[PDB]
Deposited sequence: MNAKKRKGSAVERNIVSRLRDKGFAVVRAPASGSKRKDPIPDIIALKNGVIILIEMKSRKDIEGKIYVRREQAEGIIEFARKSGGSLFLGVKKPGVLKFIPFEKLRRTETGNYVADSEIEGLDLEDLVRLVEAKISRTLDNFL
């Protein structure tokens, strides 16, 4: 919640129109000049130390991303920095839940925004 609010505010300072899902929809929906990004914040840690997204939540947000045509990301708060993982890098486990392996480390906020800004540029050009 503290982290969500920080992320919304920084995306709004960076020019995005943002909405938080009301209390399954991605936690954060952020729009900028025609581009849609969807951010699910640090769902959880299983008994092996891996951040995970439970089955039904993962499927709800993957379907919201598929219909919207929006790019979906898992955001993970670290006592260090914020990392965003493209949902497609998560691994569907044997139980249908989704886990982030460690190597990953996603994008920082600037990298994420830059992905958005490059898509805007292709559309303009």
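- Residues 1-8, 32-38, 141-143 of the deposited sequence have no C-alpha coordinates in the model.
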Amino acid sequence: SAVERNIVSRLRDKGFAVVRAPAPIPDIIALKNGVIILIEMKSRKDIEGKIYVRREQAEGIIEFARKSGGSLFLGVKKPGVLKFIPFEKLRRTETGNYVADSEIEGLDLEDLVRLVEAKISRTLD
From here on, numbers count along this sequence of modelled residues.
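- Judged by mean Cα B factor in the deposited record, 79-87 ranks above the other of 79-87 and 52-60.
- Relative to one another, 35-43 and 64-72 have unequal mean CA B-factors, and 35-43 is the one with the higher figure.
- Compared with the other modelled residues of the chain, the Cα B-factor recorded for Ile104 ranks in the highest third.
- Residue-level temperature factors show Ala118 in the lowest third of its chain, judged at the C-alpha atom.
- Remark: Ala21 belongs to the highest third of its chain, ranked by C-alpha B-factor as recorded.
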